[PDB]
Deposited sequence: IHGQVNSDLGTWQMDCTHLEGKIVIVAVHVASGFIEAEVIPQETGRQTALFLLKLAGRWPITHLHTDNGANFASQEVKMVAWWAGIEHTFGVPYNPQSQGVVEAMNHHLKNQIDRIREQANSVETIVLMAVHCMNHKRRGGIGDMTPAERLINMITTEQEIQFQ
């Protein structure tokens, strides 16, 4: 069981381009964008932006330039965000991209639409509330 602080992320490719995704395990919030290179810099940069916005108190990833990354340590320290060695939500990401593929050209605009949709598409699982409405709630509940 997670909590309102724990998050996870990974970087899959998307039609040539590389994409770093990060989802708040507690609800089903997906935050993602595209990064020009799978470096240690770009990863830590996606963390810095994340932490200044949401209440992240426990990150989680696999391993390599994303994980260990001196930048990702120098950034996790600055924001008190820990790390765990080491989810399958990018399979949804892609599944939602083709499903909406013709709306805009670039991948740099497709993955943005995909999230806007996975954050704002209600369902059940004890909740009418959209994936966004869950997070904005867990944050207030606390």
Inset, instruction - Would you mind checking the deposited sequence against the model and listing the stretches with no C-alpha coordinates? - result: 1-5, 92-102, 159-164
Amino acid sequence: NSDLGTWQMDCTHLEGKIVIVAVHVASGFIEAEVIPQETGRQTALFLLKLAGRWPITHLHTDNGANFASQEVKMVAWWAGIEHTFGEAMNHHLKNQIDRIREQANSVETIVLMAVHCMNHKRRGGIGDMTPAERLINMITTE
From here on, numbers count along this sequence of modelled residues.
Legend entry - 131-139 or 1-9, whichever carries the higher mean Cα B-factor: 1-9
Inset, instruction - Name the higher of the two by mean Cα B-factor in the PDB entry, 116-124 versus 17-25. - result: 116-124
Legend entry - Residue with highest C-alpha B-factor in the PDB entry, from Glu102, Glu108, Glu82, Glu87: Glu87
Inset, instruction - Go through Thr39, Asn63, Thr57, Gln96 one by one and give the residue whose Cα B-factor in the PDB entry is largest. - result: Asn63
Inset, instruction - Grab the CA temperature factor for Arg53 from the record and place it in the lowest, middle or highest third of its chain. - result: middle
Legend entry - Relative C-alpha B-factor of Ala68, binned into the chain's lowest, middle or highest third: highest
